[PDB]
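Numbering of residues begins at 1 and proceeds along the displayed sequence.
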Amino acid sequence: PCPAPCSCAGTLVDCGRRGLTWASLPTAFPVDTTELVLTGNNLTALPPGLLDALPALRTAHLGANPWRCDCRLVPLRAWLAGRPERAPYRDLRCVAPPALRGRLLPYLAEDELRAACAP
Ligand SMILES: *[C@@H]1O[C@H](CO)[C@@H](O)[C@H](O)[C@H]1NC(C)=O
Ligand SMILES: [Mg+2]
């Protein structure tokens with residue numbers, strides 16, 4: 001079942017470049033998905049569990065989103081930190097908050113993200 005905003009072929013789900021946000025992302029994706037394209041949306045973080053509910057995912061394309069590296073990014077960060085190679089994710093960059101702006105997502109630590117939600 002291909003989520004409404006996206007185009008699917010095989011086990012590729014193309015949801016790129018569609019103005020998606022956390023609020024508007026599909027709540028689930030075909031459980032057999034192996035490649036998910038989210039490049040070039042409006043995402044600042046990913047809902048908890050979205051990528052972990054995709055147990056066959058090989059690669060996710062996540063670049064060109066305005067990622068905010070705070071505590072809402074703890075789930076994406078965990079997923080990235082668990083990948084077998086982080087180099088394919090080196091185009092993922094934090095735009096905010098100022099203390100993490102310019103950092104690459106795959107090398108963030110969890111504690112940094114907790115700290116980035118300070119009052
Ligand atoms: C996505 O962000 C762009 C760039 O700021 C904005 O113009 C556009 O309205 C947003 N699209 C949606 C669907 O929110
Ligand atoms: Mg968002």
Side-chain angles (χ1 to χ4, degrees):
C2 186
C6 308
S7 173
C8 303
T11 53
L12 150 82
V13 175
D14 179 12
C15 304
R17 299 165 189 95
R18 280 152 169 89
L20 292 164
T21 68
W22 171 317
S24 66
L25 274 170
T27 59
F29 289 90
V31 70
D32 78 335
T33 301
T34 62
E35 180 168 343
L36 178 59
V37 178
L38 292 168
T39 307
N41 283 297
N42 291 25
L43 293 159
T44 72
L46 295 184
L50 186 63
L51 297 178
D52 275 356
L54 299 175
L57 192 61
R58 303 195 269 274
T59 54
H61 298 196
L62 297 157
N65 287 282
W67 299 113
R68 177 178 175 87
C69 296
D70 70 11
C71 62
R72 293 174 61 75
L73 211 64
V74 159
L76 177 54
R77 192 218 75 90
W79 188 88
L80 292 168
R83 298 321 288 171
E85 237 222 322
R86 295 186 285 179
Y89 303 99
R90 288 168 58 83
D91 62 326
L92 305 191
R93 179 179 176 270
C94 304
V95 306
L100 296 174
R101 175 188 184 202
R103 290 283 300 277
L104 300 187
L105 275 61
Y107 311 113
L108 295 165
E110 195 169 280
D111 63 353
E112 303 187 282
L113 294 179
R114 290 192 291 267
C117 279

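Scanning both residues, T39 and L62, for their nearest heavy atoms gives OG1-N, 4.1 Å. Shortest non-hydrogen contact noted between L36 and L57 is N-CD1, 3.8 Å. Among all heavy-atom pairs drawn from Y89 and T59, the shortest one is OH-CA, 3.7 Å. Scanning all heavy atoms of the two residues, the minimum distance from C69 to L100 falls at O-CD1, 3.2 Å. Minimum interatomic distance between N42 and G19 (heavy atoms only, all atoms of both residues): OD1-CA, 3.8 Å. Heavy atoms only, all atoms of each residue included: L76 and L46 are closest at CD1-CD1, 4.0 Å.
The CG atom of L51 sits 8.5 Å away from the CZ atom of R83 when rounded to the nearest 0.5 Å. Atoms CD and NE2, on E35 and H61 in that order, are 4.0 Å from each other to the nearest 0.5 Å. Expressed to the nearest 0.5 Å, how far CG of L43 lies from CH2 of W67 amounts to 4.5 Å. Interatomic distance, SG of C6 versus CG of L12, reported as 10.0 Å (0.5 Å rounding). Taking CZ of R77 as the reference point, atom CD of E110 lies at 5.5 Å (rounded to 0.5 Å). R68 contributes atom CZ, which lies 11.0 Å from atom CG of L113 (distance to the nearest 0.5 angstrom).
Looking at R86, its side chain does come within 3.5 Å of a backbone N or O of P106 through a donor-acceptor pair.
Take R18 and apply the side-chain hydrogen bond (donor to acceptor under 3.5 Å, both in side chains) test, not counting sequence neighbours, and it matches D14.
Residues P26 and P5 have side chains in contact (heavy-atom distance under 4.5 Å, counting atoms from C-beta outward). Looking only at side-chain heavy atoms (C-beta outward), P3 and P30 come within less than 4.5 Å of each other. Annotation: side chain of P1 is not in contact with side chain of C8 (no heavy-atom distance under 4.5 Å). Side chains of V13 and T33 form a contact here, defined as non-hydrogen atoms less than 4.5 Å apart. Side-chain contact between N41 and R17 is absent, with no heavy atoms from C-beta onward closer than 4.5 Å. Using a 4.5 Å cut-off on side-chain heavy atoms (C-beta onward), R103 and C94 make contact.
Hydrophobic clustering keeps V95 apart from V74 (ILVMFWY residues linked when any side-chain heavy atoms are closer than 4.5 Å, directly or through intermediates). Linking ILVMFWY residues whenever their side-chain heavy atoms come closer than 4.5 Å, directly or via other members, leaves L104 and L38 in distinct clusters. Put simply, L92 and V37 are part of two different groups of oily side chains (I, L, V, M, F, W, Y) that touch within less than 4.5 Å, one to the next. Both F29 and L20 belong to a common hydrophobic cluster when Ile, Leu, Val, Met, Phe, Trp and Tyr are linked at side-chain heavy-atom distances under 4.5 angstrom.
The pair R72-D70 does not meet the salt-bridge criterion, since no charged nitrogen lies less than 4.0 angstrom from a carboxylate oxygen.
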